[PDB]
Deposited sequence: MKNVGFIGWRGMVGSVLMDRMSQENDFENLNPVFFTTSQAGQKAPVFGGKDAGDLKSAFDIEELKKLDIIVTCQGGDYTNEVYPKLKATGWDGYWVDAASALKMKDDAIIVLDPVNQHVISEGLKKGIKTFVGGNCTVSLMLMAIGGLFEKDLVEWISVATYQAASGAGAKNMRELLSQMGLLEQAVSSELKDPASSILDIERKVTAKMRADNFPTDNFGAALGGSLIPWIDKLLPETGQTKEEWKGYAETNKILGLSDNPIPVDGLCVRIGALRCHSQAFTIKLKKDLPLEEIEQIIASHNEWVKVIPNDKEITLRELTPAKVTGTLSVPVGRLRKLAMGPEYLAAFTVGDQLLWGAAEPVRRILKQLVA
């Protein structure tokens, strides 16, 4: 069997990966070797120990990658490098994996001899998993996006900070809330005051998230005015699709909200030709087994199309499907997907599965 090393398997993304792997009995088809950065299990920095592996699966992070990857490749190591971190995302010798969407891209690369595979951006992955069909028919001219991103994409400490923030907000008016006759204005007055207090914990986000939102994720890219996060819409969507020559416009705004691990996305999709709403749905629904077309119905939308419903599941519901007033060429869609699964660990688990078959 293939000898696979795992790095950063104790982190959050790594932990999700490990759990999914056990759930699917993925460990039965390979020889796993676990590494650690601790000096208190092999050393993640031992190049010779890593040289013996046929495959490397790391969820350790970019710095680790940028440090160890070159040295290892520098020894002549000819194995596979599977990364959850974005470091190599845009390398010519690397492919961004999302097999239910770009298997054909993955296969070809394997043919050519590509040995480095990287997991893609959560928002872009969740999008493609939702509306892959449209791209699979070359019907997407461009897409404007507005996201409602979860805290888990930022990190474990950010998720905890969101929760602490929610706690203090309620605690600020805990008794007033229990009194059915209390003034709502007095209440928000206090909640808002606590939110603005010096002691309101906002070190990780740099701003309040609970009870609010932050219309800015990642650093600003002077060139385009986009933030790195928004920039990935165009770059990554196209690299994944193998449309480096005929890029499809994907752009919009990325905003963080008080959700733990599911990203949501509102889309305005410019279709090449006009098609019946029902035909579009069928196209969307038939692309893969995880996407789920939610009927434009209130009750069902409230039960299915929410972070509350999808968290921790592999389902990728897409709904609110309908034509936009700008013309039959314009389609409206809203989707919800777990950031830690299809937006992180699941794409990684799947490529590994293929490499050890």
item	value
Chain regions without C-alpha coordinates, deposited sequence numbering	41 to 54
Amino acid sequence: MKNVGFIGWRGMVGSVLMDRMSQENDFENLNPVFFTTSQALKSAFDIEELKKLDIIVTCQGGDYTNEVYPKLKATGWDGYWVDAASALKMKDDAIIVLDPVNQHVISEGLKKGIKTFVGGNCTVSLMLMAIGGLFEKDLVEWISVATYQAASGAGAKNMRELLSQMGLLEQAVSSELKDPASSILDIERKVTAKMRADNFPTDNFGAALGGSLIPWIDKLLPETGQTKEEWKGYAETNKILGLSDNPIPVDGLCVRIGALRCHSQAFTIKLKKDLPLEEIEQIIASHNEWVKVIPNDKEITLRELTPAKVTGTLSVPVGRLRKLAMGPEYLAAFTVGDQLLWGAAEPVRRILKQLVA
From here on, numbers count along this sequence of modelled residues.
property	result
243 to 251 versus 180 to 188 - which carries the larger mean C-alpha B factor in the record	243 to 251
156 to 164 set against 113 to 121, stretch whose average Cα temperature factor tops the other in the entry	113 to 121
Residue with maximal Cα B-factor (values as given in the PDB entry) among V316, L41, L302, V57	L41
Selection by C-alpha B-factor (highest) of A193, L271, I214, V101	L271
Lowest, middle or highest third - CA B-factor, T202	lowest
Relative C-alpha B-factor of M326, binned into the chain's lowest, middle or highest third	highest
Where the record places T36 (Cα B-factor, split into thirds across the chain)	middle
Chain-wide C-alpha B factor ranking for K298, given as lowest, middle or highest third	middle
Ranked against its chain, the third holding the CA B-factor of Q149	lowest
